[PDB]
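Chemist: Please work out how this folds:
(chains A, B, C and D, ligands or ions: 3)
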Amino acid sequence: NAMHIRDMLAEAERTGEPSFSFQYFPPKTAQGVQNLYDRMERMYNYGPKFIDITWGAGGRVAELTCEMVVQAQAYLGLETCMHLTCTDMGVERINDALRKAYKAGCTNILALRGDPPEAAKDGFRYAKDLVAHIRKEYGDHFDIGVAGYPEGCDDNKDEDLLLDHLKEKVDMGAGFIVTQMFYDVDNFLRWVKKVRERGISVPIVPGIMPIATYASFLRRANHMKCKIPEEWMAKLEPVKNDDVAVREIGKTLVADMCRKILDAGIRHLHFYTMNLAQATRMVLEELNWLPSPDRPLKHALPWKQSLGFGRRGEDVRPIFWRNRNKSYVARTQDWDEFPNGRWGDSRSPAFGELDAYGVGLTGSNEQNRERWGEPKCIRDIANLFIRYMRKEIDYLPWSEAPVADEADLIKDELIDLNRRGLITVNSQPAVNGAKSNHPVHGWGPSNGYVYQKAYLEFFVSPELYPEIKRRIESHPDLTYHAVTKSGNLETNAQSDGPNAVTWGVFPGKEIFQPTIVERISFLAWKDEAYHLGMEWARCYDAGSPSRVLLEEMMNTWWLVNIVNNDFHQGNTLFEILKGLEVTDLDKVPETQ
Amino acid sequence: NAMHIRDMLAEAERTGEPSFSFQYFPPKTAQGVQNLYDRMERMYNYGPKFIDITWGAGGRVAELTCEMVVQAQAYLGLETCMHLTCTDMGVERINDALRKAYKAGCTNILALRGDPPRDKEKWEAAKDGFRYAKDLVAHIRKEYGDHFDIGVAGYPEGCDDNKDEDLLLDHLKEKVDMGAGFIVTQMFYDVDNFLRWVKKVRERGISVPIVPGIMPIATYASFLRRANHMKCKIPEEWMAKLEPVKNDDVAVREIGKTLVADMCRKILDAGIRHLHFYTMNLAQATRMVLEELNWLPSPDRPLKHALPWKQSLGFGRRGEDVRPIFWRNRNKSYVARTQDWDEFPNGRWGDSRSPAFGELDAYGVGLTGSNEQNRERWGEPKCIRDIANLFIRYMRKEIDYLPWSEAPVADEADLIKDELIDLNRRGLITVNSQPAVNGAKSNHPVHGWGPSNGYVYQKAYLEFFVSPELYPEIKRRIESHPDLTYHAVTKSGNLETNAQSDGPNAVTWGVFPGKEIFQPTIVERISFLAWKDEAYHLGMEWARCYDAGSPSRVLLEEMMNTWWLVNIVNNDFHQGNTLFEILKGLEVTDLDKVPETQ
Amino acid sequence: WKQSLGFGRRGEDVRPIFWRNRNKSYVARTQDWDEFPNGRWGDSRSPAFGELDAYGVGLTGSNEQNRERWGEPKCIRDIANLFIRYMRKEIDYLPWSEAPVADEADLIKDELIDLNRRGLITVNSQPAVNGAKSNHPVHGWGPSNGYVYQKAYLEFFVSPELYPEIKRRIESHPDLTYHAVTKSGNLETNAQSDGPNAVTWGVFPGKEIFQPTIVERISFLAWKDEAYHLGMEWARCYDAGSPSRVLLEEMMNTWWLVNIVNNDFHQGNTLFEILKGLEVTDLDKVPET
Amino acid sequence: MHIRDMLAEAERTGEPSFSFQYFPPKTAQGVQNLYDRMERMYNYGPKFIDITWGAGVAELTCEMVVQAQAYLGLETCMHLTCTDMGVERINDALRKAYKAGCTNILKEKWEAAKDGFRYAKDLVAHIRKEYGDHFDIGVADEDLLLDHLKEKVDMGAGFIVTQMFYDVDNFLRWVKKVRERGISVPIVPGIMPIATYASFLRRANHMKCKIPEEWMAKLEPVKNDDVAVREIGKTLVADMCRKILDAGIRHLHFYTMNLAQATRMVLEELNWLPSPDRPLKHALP
Ligand SMILES: Cc1cc2nc3c(=O)[nH]c(=O)nc-3n(C[C@H](O)[C@H](O)[C@H](O)COP(=O)(O)OP(=O)(O)OC[C@H]3O[C@@H](n4cnc5c(N)ncnc54)[C@H](O)[C@@H]3O)c2cc1C
Ligand SMILES: Cc1cc2nc3c(=O)[nH]c(=O)nc-3n(C[C@H](O)[C@H](O)[C@H](O)COP(=O)(O)OP(=O)(O)OC[C@H]3O[C@@H](n4cnc5c(N)ncnc54)[C@H](O)[C@@H]3O)c2cc1C
Ligand SMILES: Cc1cc2nc3c(=O)[nH]c(=O)nc-3n(C[C@H](O)[C@H](O)[C@H](O)COP(=O)(O)OP(=O)(O)OC[C@H]3O[C@@H](n4cnc5c(N)ncnc54)[C@H](O)[C@@H]3O)c2cc1C
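Modeler: Numbering: from 1, shown residues only, chains lettered A, B, ... in the order given. Ligands and ions are numbered 1, 2, ... in the order given. The relevant structure is shown in the block below.
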């Protein structure tokens, strides 16, 4: 997708595909901020083209907004459009705001004059002045959008002069117009022609606000002075108290409005989420715009691609942060060059420090003990992993998210490894040329073919480790690396250099190879992997059976990764480990 | 592949595989030099690990040797070991010789004291030169560090002047201790003596790999003459077996095949795994022994290739592992054209890459041999059908050269042989192609390349000249298949294509253990535009073989000026033949038409 | 080495070479051991060395004093100089030695100086000995009328730029075994086993073979962390952001630590010879702040 | 030390790896002669030896294993059948071999001896269950046979030892057909060298071996002279061995028949016997 919203809107108008965006606002509680980041990350899977973040007048609002943009671009991987006003705004403040968004990796701004908390600190008078300011300062780095008013401005009710000012703001170098919320559709599509009539050619983006409650609906609508159709009123009237009935009615009311906007050729829909998923989600489902099995969400790469500052070109990573994306981003953030096309032999990557980068466990200890309980022996840990694999619990220390569907192939093999005490932290099955549109294995351009080498990574008792090493060396197709917290590194590798474990053949294109395995990267990963297990131990009280068990485990157990270079036969790897078991699975440590 | 001979010898001793080398010498005629370059290039296909080039006294000899090393490393793609003596050699002379070998891409030297000149009985050291070869080994080591792996001479039957076994092995210890990686021995015919000597070397704490000097038998005269000159012990059983057919050198060669090979078998049994053959600039004597050892490549043990094309070992081309498909059959040409490149492409071609590609004339990417000879090969075509015939003959191995190929018809072609023959008989004159491969084991006798226990893949490729009359219909048909991408071009300049970008399209790639994806062969626009000019130029140089105003000359010049050159990639590698099928039924008009001069 | 008389150590008679010059340290780290090694180290032995940060023994005296001793190094050549000064008995302490320069070093003094002046900063070593009388003033130890032997050992920091060339050279000698490691974690070696390699041993009359000094992987991994920590504690003597501080912290984070055993004890200096010609780049470079 | 590992390292290095099969003699004299012959053949340097198991003989076999492991210093593989064998007989046999220091095991009708086993697959599984992985276990209508071979192997056998053959082409074909069926374990060919013309033909015909007409034709003229037959059958058998070895199969198991010379001559013909030049290696003084 093109970084500039004007290009996205244009190709949306061309293909006719489902194209939509989500507007969010900065909450006051830092808690509400975390909830919003979680909600953002869930709504990500609906598949928006971009998101907006609104800009309030106050000082901490200005800072929070800038922090939120960074979060969204770098970690959540969401193309953001930061709003920016001239309300209480010195030019120093504006240049700061813009520099922050710049360094986030942002390429989209919405240029506003701004509602009051309108000349402030001798800033800019009109939004046209700020559009021209951005254009002069950053050239064509930021694509600029501007506000529009199909039902008139609240104070300003001369439609002809308004469209003249719109022409001004656009002519300063805006790429697109985003409108206020409306509920009179005929009025809107009329307005659109009147905009074009004035020689304003840019893409229009309607402001859609879906219905969540009868109260919030009517209150916000009346506050903005929206024309609500009597047919809408009459349909919502009988179940007005019941907001479940109102939400399932206003699903279809809003969606009908959207269908007529869409019919008219206007292809992008911008949803005012109000930091709420469900109201928007129900309308997107009503439009069958939400992804299905039948029309799944497309993935550029086998992993969640960042849109951070120097990360537009990043298209190769180690497998080891397959399940800790945000972490990899945090650790590699200070890289001046990201890897592209291949990892290469010369690359000596300097990964980030664990603590220094906030690469830790999620939530409170009290909560994590609630999730994971109090393990007294190795069998309890095994059980917990089996529960994760069966989707019964949703988080483990070594995974940002719940169990994959890619795992649901080899689910029972991994369960068997865990029940034997081979605690599996990471894996992928072998794939031998699945079509690039496979619902599970698919990634990258259409009409490709994707491939994977089988990978398996697990903790094992130092007693058992010798037997495992022996067995692995007795297989020619297997390569491993084994390491202890202590330092010791064993391997049967032929080289330092990276081994490709996921690759794709596409038409007209050089071979894509997004996932590798490599020694230095594994040494970076091992420290994280032991640290996570240690932070888990620190959830428990100092002398605990849980605490002593985990600390012991981490200090004394090996971490083994294994690649099966045979991608014709993948399960080879699970078979060669069958029958091995860790010695005293039920043993509780006495604390002496 | 190991660049240092010491490493090659070591891994040979480890795997146990067939490992052998060829020694050649600089000839006096520049003709003999050309013959030798041709012979070298043929013997290349036997698959040596390296070759040697000897170093005489004489100014011409010293320069020719250095030029021959460049040729061997850069163009013939043969890892060379240059000999270097202290005979008539100032230090300035030595530093020059070494710098030349350096810039060739050479990484192997044989450090010798050297036989005296043809003027001289006695060996006198040339002023500001070295006394012993130990001094030169240490010199190379000091100058170039560990860039050059150094080998030294050894004498299992004693030196010609020196018959004190004990002190000779002491000076061998000296030469080795100065930093030699391996020992190459003089020719011998007493094997028991050799394997005894080997233990006496090891006894003295000389651990380096030993490489026996094998000189196979070509004539009864040369055998006895060289052997007696060097004072070799020849077994009376060898003498007695060669005695009856001494005049008949055919019978002597088929006898001395098995005599020498039996000696080799006992050397090999003993654990010594590398054999260094003194070819005397002759293939057959060595070849017969290699066949006797079934060390020559077969279906059973096919020839290993690093990449789907002949890899250069030129200066700085060690890292070169991606090329356009278009010089699949003109390796030397691509080397010539790209020689002045600062960076060679590596791992991927990449999107921004804007390559230069040389100039045709001024680099010698032209016709091989005389016009008189090329007319002998190709005859005198009067119409387009005669050209078709010639291509079909090449495809059936009946003739060995066509303008657009350095070499005879490939085995990779022998899959799709009758498809290409059919295209030619219809007037679609095919210059270049490859079949589709969907994951053949990297040891495939036909498709195999690169490391062992890989899987290789290819997209089907087809490249041909077509009459401008027919071209429209071809274009139409190609566009009517979605998996096909093409580029079509005229000598005039005009370029048509259905490509979705400028960027390179991968057409050969390999998955190997412990390694990133190899992708050695691509297709790309700028490269194709470089190629088309060569391709038309070659057909025009063909025309220039004939007299001005010829039916042949006019025909070919016409053809080149007016015909399209079409390449086609089938992005489906599951089904390759789609592209041969799409073209079935089309034929060029006036195949038998002679262009009249009255 | 200096024998302990601690609680269960009267019978302790084998140690790794690595704490040859940090006795008190080894005692601190091994203090919680149930069984001290005796007669041989053995292959089964999995030694659990003590945690540095947990405390033990580190750098001696005040920072103010240590800066007085060692000065303020701005580049790698200044460090080289300081090591050469120690070797010539001019200064009495370096981070990696409890004491001043040994006499055993004063045999191979010029060889080690030459390594330091090339940027191969030598933290520990011993010369090869081929059957010196057990009463030798330098090499002697243990009972009278014995014969003592040593394999040559050499241990040094090297720039990661140069390390490749060193590895190449070492592998090109069959008698040499090495272990190389980074602060990062990475471990390279050409060893054929985990198990201990004997580097000092003695034949005595009426006695079994004495073998007090070994080299072994797990022990080396314990040692490397101490070795980098000592260089880091040295850096911490200087102010945060110092040229001295940045130099040393950089060095420790990015340089390799290589140990090498020459299993030929007939020819000892071969180890110092095979590293001739190597030199670290930018010896005089100051890291800019 | 487990034969499967030895066979694997042999297949890796490619070095000389070979074993000697002996049988229990009836006379205690023949036993002493055999112990002496074993001790001489020791110096040839086998990797292991086998001792066959008759109905009985059972007692003698167990005594012989102890002798071979403890005193002669020869790594032994004791054969064990289900012929006339209750489970108590089997457990006894196994306990004896255990205590020896051994770590390697291999009427009109065959009627399974009551409360014992029907098939060898049942005994492989029995050993595996009883003694875990202490003993490495070896095992002996082509389609159904290779199915049962898959069964015996899948019960936890580490290697296969074959019957004697004289058709080499057939063998190397068979090997691929075994691997075709997903039976990956190391194969060990049964080599029986020639000592007399009579014993050669008699045993070969009894086992129904295909003998090549070229072998027949070469031995025909000197059939009476067993000195000439032994120097011929040295090179006949050794040529067969060379082709097996070339094919990557690296261990050769010789049926000595309690006789040194027949085997010895073949080992010399292969220069697999030790020399001054390549002496027999000693672990300790
Ligand atoms: C999608 C969207 C998002 C919004 N987000 C925010 C937000 O994050 N924060 C916030 O505070 N507000 C926000 N608003 C509200 C908006 O910023 C205010 O309503 C704003 O003052 C309207 O002006 P404008 O931004 O359209 O720019 P302008 O059109 O430049 O505003 C100037 C006003 O003065 C009048 N005018 C008089 N003379 C002129 C002249 N010469 N040229 C131009 N106009 C003239 C116009 O009629 C107009 O009413 C948003 C509105 C929309 C539609
Ligand atoms: C494979 C091969 C290729 C060759 N190619 C060429 C070639 O291309 N051109 C060419 O000119 N020569 C070549 N030679 C060598 C040449 O023909 C002579 O044999 C050479 O003069 C002597 O061998 P060297 O170079 O190894 O001498 P060195 O070992 O350096 O010195 C030779 C002299 O040192 C003497 N010596 C022996 N022991 C001692 C001692 N302890 N102290 C001092 N001196 C001692 C020898 O007796 C002899 O007189 C080649 C040899 C081989 C084996
Ligand atoms: C290397 C070797 C060693 C020998 N060692 C001995 C020895 O120590 N003692 C001895 O007395 N003789 C031995 N012999 C000869 C022979 O084994 C015995 O005479 C006797 O016949 C024992 O069983 P078996 O030969 O049938 O073999 P086995 O292979 O043990 O036969 C049983 C196996 O064959 C298969 N099988 C056979 N019939 C069936 C069926 N109906 N249904 C299913 N599976 C079936 C099963 O897999 C079963 O496990 C040996 C022969 C060789 C080649």
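Chemist: Secondary structure class of residue A:548, three-state.
Modeler: Classification of residue A:548 by DSSP: H, G, I helix; E, B strand; the rest coil places it in helix.
Chemist: Tell me, how many residues neighbour the residue lying closest to it once chain neighbours are set aside?
Modeler: Residue nearest to residue A:548 in three dimensions, not counting chain neighbours: residue A:589, with 5.1 Å by CB to CB, 6 or more residues apart in numbering or on different chains. (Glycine included, C-beta is placed from N, CA and C.) Using other CB atoms under 10 Å in any protein chain shown, residue A:589 is surrounded by 17 other residues.
Chemist: now do the one 3 residues further on
Modeler: When counting by other CB under 10 Å, one arrives at 4 neighbours for residue A:592.
Chemist: could you measure it against ligand 3, distance?
Modeler: Distance, residue A:592 to ligand 3, by CB to the nearest ligand atom, to the nearest Å: 52 Å.
Chemist: And for residue A:454?
Modeler: Per CB to the nearest ligand atom, residue A:454 is found 33 Å from ligand 3.
Chemist: Same check on residue A:563?
Modeler: Taking CB to the nearest ligand atom, one finds residue A:563 at 37 Å from ligand 3.
Chemist: do the same with residue A:330
Modeler: From residue A:330 to ligand 3 the distance is 59 Å (CB to the nearest ligand atom).
Chemist: same deal with residue A:80?
Modeler: Distance from residue A:80 to ligand 3, by CB to the nearest ligand atom: 69 Å.
Chemist: which residues does that residue contact?
Modeler: A:50-53, A:69, A:72-73, A:104, A:106, A:108 (CB atoms under 8 Å, 6 or more residues apart in numbering or on different chains).
Chemist: can you give me the strands in the stretch 251-400 of chain A?
Modeler: A:268-272, A:317-318 (DSSP state E, counting those that start in this stretch).
Chemist: buried set for the helix or strand that contains residue A:135?
Modeler: Using DSSP states H and E, residue A:135 falls within helix A:127-138. Buried residues in helix A:127-138, defined by neighbour count with 16 or more other CB atoms under 10 Å in any protein chain shown: A:127-135, A:138.
Chemist: same question, stretch A:488-508
Modeler: Quick answer for stretch A:488-508 (16+ other CB under 10 Å): A:488-493, A:497-508.
Chemist: For burial, what's the neighbour tally of residue A:529?
Modeler: When neighbours are counted by other CB under 10 Å, residue A:529 registers 23.
Chemist: How about residue A:452?
Modeler: 24.
Chemist: How much space separates the residue nearest to it when sequence neighbours are not counted from residue A:302?
Modeler: Once flanking residues are discounted, residue A:452 sits nearest to residue A:431: 4.1 Å by CB to CB, 6+ apart. According to CB to CB, to the nearest Å, residue A:431 and residue A:302 sit 10 Å apart.
Chemist: For the longest helix along chain A, give me every contacting residue.
Modeler: Among the segments of chain A that qualify as a helix by DSSP state H, the longest is helix A:243-263. Under the contact criterion CB under 8 Å, 6+ apart, helix A:243-263 has outside partners A:183, A:185, A:188-189, A:206, A:208-214, A:217, A:232, A:235-236, A:239-240, A:269, A:278-279, A:282-283, A:285-287.
Chemist: Grab the most central residue of chain A for me.
Modeler: Taking CA atoms, centre = their mean as the criterion, residue A:76 is the residue nearest the geometric centre of chain A, at 3.3 Å.
Chemist: thought that one was touching residue A:43?
Modeler: No. Using CB atoms under 8 Å, residue A:76 is not in contact with residue A:43, being 9.7 Å away.
Chemist: now, which of the buried residues of helix A:127-138 sits nearest ligand 2?
Modeler: Here the nearest of these to ligand 2, counting by CB to the nearest ligand atom, is residue A:138; it sits at 69.4 Å.
Chemist: That closest one contacts residue A:99, correct?
Modeler: No. Assessed by CB under 8 Å, residue A:138 is found out of contact with residue A:99, at 9.2 Å.
Chemist: Which parts of the stretch 101-250 of chain A are strands?
Modeler: All strands of the stretch 101-250 of chain A, identified by DSSP E, counting those that start in this stretch, fall at A:108-111, A:143-148, A:176-181, A:204-208.
Chemist: how about residue A:414, phi and psi?
Modeler: Main-chain torsions, residue A:414, degrees, to the nearest 10: phi -70, psi -40.
Chemist: State the distance from it to residue A:389.
Modeler: Distance from residue A:414 to residue A:389, by CB to CB: 6 Å.
Chemist: so what sits against both of these two?
Modeler: With CB under 8 Å, 6+ apart as the test, residue A:414 and residue A:389 both reach residue A:407.
Chemist: The strand or helix carrying residue A:83 to helix A:127-138, inter-axis angle?
Modeler: Here residue A:83 sits within strand A:80-84, counting by DSSP H and E. If you take axes from the mean of the first three to the mean of the last three CA atoms, to 10 degrees, strand A:80-84 sits at 120 degrees to helix A:127-138.
Chemist: Can you give the strand pairings for strand A:80-84, parallel or anti for each?
Modeler: If you go by DSSP bridges, strand A:80-84 pairs up with strand A:50-53 (parallel), strand A:108-111 (parallel).
Chemist: Out of those, flag the one nearest residue A:401.
Modeler: Among the strands paired with strand A:80-84, strand A:50-53 comes nearest to residue A:401, with 20.0 Å by CB to CB.
Chemist: next structured bit after that closest one?
Modeler: Heading C-terminal from strand A:50-53 (DSSP H and E), you reach helix A:59-70.
Chemist: Which strands or helices does that next one pack on?
Modeler: Packed against helix A:59-70 by the contact rule (3 or more CB pairs under 8 Å, 6 or more residues apart in numbering or on different chains; DSSP states H and E) you find strand A:50-53, strand A:80-84, helix A:91-104.
Chemist: is it possible to export the ones you listed to a markdown table including distance to ligand 2?
Modeler: Below are the helices and strands packed on helix A:59-70 laid out as a markdown table (distance: least, CB to the nearest ligand atom, whole Å):
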| stretch | distance to ligand 2 |
| --- | --- |
| strand A:50-53 | 73 |
| strand A:80-84 | 72 |
| helix A:91-104 | 66 |
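Chemist: can you pull the buried residues of stretch A:213-226?
Modeler: Neighbour-count burial for stretch A:213-226, with 16+ other CB under 10 Å as criterion, is recorded at A:214, A:217-218, A:221, A:224, A:226.
Chemist: What is the nearest of these to residue A:114?
Modeler: residue A:224 (16.1 Å).
Chemist: ok now do the closest one, which residues does it touch?
Modeler: The contact partners of residue A:224, by CB under 8 Å, 6+ apart, come to A:154, A:180-181.
Chemist: Tell me which stretches of the stretch 151-300 of chain A form helices.
Modeler: Using DSSP state H, counting those that start in this stretch, the helices of the stretch 151-300 of chain A run over residues A:159-171, A:185-197, A:214-224, A:230-236, A:243-263, A:278-286.
Chemist: Compare those and report which one is nearest to ligand 2.
Modeler: Nearest of the helices of the stretch 151-300 of chain A (CB to the nearest ligand atom): helix A:278-286, 80.3 Å.
Chemist: Quick one: list the elements packing against that closest one.
Modeler: For helix A:278-286, the packing partners by 3+ CB pairs under 8 Å, 6+ apart are helix A:243-263, strand A:268-272.
Chemist: who touches the residue in the stretch 451-592 of chain A that ligand 3 sits nearest to in this structure?
Modeler: Across the stretch 451-592 of chain A, the shortest distance to ligand 3 (CB to the nearest ligand atom) belongs to residue A:579, at 21.6 Å. Neighbouring residues of residue A:579 by CB under 8 Å, 6+ apart: there are none.
Chemist: Residue A:37 too?
Modeler: A:71, A:76.
Chemist: SS state for it?
Modeler: Following three-state DSSP, we place residue A:37 in the helix state.
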